[PDB]
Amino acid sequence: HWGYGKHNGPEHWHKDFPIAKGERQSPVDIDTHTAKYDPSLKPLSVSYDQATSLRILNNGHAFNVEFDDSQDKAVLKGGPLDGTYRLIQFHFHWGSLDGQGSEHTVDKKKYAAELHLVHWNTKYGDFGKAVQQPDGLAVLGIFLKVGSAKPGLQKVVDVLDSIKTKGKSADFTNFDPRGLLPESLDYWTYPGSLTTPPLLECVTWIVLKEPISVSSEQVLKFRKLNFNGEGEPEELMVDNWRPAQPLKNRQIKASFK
């Protein structure tokens, strides 16, 4: 189906998902000198104290750490958000080289990787209904740069060997997502879409200004994963990022000056 290769990559997605050329697609380049500081933006509230992780799965495009979202255990509120959004999963997008990998860019600068913590608006009952709404999801995006190791990320790095190929999953309970957050919660926000097919335009993007640092050793293990399934020719899971899309009729707001 769709992928990140030359014959099934981002350039081809519009054929099966025409919304790929839509009015509010993601990611986008964040021009820091065009973003407007919005003093009306309420404080961002990340409540991950009761977060309940369940499993880690290699889905052939990236790996997802899933959470129990039957209750308001881990939620995102405040900021440009109205209501409560429950955390359902997080995953990353990374490159084959340290100079690329992130989906959003800042003044055209590409980071080594990007973490996406996905949340859905509880007013819609379930994730499936939420993705069909303009304000159905809220995704917290965090850039990763290569530097010092990130303690909170090692638990994830340690289990990647058990889900090397597509379809593989492993138990992943008691993981605290709070360990992946930078010190500052300053952010940029704009209305966008999922960055992978079906590319639904149901996302309120909240991209943090401050990146987190990960070690070269940690990123290297990400690059050892496989897009292919067990018993098939090896295709390293790298460069699973969509490039920046036209901003069009949208404004990016900043929570800071």
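All residue numbers are counted from 1 along the displayed sequence.
As recorded in the PDB entry, 15 to 23 is the stretch of 15 to 23 and 240 to 248 with the greater mean C-alpha temperature factor.
Of the two segments examined, 70 to 78 and 117 to 125, it is 70 to 78 that shows the higher average Cα temperature factor in the deposited entry.
Looking only at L225, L200, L57, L220, the residue with the top Cα B factor in the deposited structure is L220. When the C-alpha B factors of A51, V28, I212, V207 are read from the deposited coordinates, the top value falls at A51. Sort the modelled residues of the chain by CA B factor and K145 lands in the middle third. Residue-level temperature factors show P177 in the middle third of its chain, judged at the C-alpha atom. In the deposited entry, the Cα temperature factor of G83 sits in the top third of values across the chain's modelled residues. Per the deposited record, the Cα B-factor of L194 falls in the lowest third when ranked against the other modelled residues of its chain. Placement of the Cα temperature factor of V157 within the chain: highest third of the modelled residues, per the deposited record.
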